[PDB]
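Student: If you scroll down you'll find the structure; I have some questions about it.
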Amino acid sequence: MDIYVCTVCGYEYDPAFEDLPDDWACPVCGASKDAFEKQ
């Protein structure tokens with residue numbers, strides 16, 4: 001739909017940004033933004 005909830009810690013993020021570099025890491029688990037997927 002439009003949500004990027006980490007699948008490691010279960011963080012919550014919304015796809016309403018503008019500058020999304022090519023290297024975002026969870027500000028909690030620290031894991032890469034690869035385990036992130038609609039949830």
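FYI, nothing fancy with the structure tokens labels: chains A, B, ... in order, residues from 1 per chain, ligands from 1 as they appear.
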Can you pull out every residue within 7 Å of segment 13-25 of chain A, counting only C-alpha atoms, but drop anything in the same chain fewer than 6 positions away, and send it as a VMD selection string?

Tutor: chain A and resid 2 to 5 31 to 33

Student: Would you mind listing what lies within 10 Å of residue 8 of chain A as a list in words, with only C-alpha atoms counted and same-chain residues fewer than 3 positions away left out?

Tutor: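 Contacts, in chain order: residues 5, 11, 26, 28, 29, 30, 31, 32, 35 and 36 of chain A.
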
Student: Save the residues we just selected, N, CA and C atoms, as an mmCIF file, in the first residue's frame?

Tutor:
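Written out: again_36.cif:
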data_model
loop_
_atom_site.group_PDB
_atom_site.id
_atom_site.type_symbol
_atom_site.label_atom_id
_atom_site.label_comp_id
_atom_site.auth_asym_id
_atom_site.auth_seq_id
_atom_site.Cartn_x
_atom_site.Cartn_y
_atom_site.Cartn_z
ATOM 1 N N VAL A 5 7.642 -1.361 6.889
ATOM 2 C CA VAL A 5 7.893 -1.805 8.248
ATOM 3 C C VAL A 5 9.004 -2.856 8.240
ATOM 4 N N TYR A 11 10.184 -2.069 12.825
ATOM 5 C CA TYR A 11 10.143 -0.622 12.770
ATOM 6 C C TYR A 11 9.019 -0.172 11.849
ATOM 7 N N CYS A 26 18.285 0.763 9.123
ATOM 8 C CA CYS A 26 17.361 0.924 10.233
ATOM 9 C C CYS A 26 18.090 1.649 11.365
ATOM 10 N N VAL A 28 17.490 1.406 14.286
ATOM 11 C CA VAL A 28 17.275 0.617 15.487
ATOM 12 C C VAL A 28 18.159 -0.632 15.436
ATOM 13 N N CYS A 29 17.765 -1.562 14.580
ATOM 14 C CA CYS A 29 18.509 -2.801 14.426
ATOM 15 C C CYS A 29 19.832 -2.483 13.727
ATOM 16 N N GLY A 30 19.780 -1.486 12.856
ATOM 17 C CA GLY A 30 20.961 -1.075 12.118
ATOM 18 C C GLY A 30 21.077 -1.839 10.797
ATOM 19 N N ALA A 31 20.275 -2.888 10.685
ATOM 20 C CA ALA A 31 20.278 -3.707 9.485
ATOM 21 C C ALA A 31 20.002 -2.822 8.268
ATOM 22 N N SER A 32 20.373 -3.337 7.106
ATOM 23 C CA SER A 32 20.172 -2.607 5.866
ATOM 24 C C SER A 32 18.677 -2.505 5.554
ATOM 25 N N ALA A 35 15.621 -5.753 4.261
ATOM 26 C CA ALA A 35 14.642 -6.597 4.926
ATOM 27 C C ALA A 35 13.310 -5.850 5.018
ATOM 28 N N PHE A 36 13.330 -4.611 4.546
ATOM 29 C CA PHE A 36 12.137 -3.784 4.569
ATOM 30 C C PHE A 36 11.197 -4.142 3.415
#
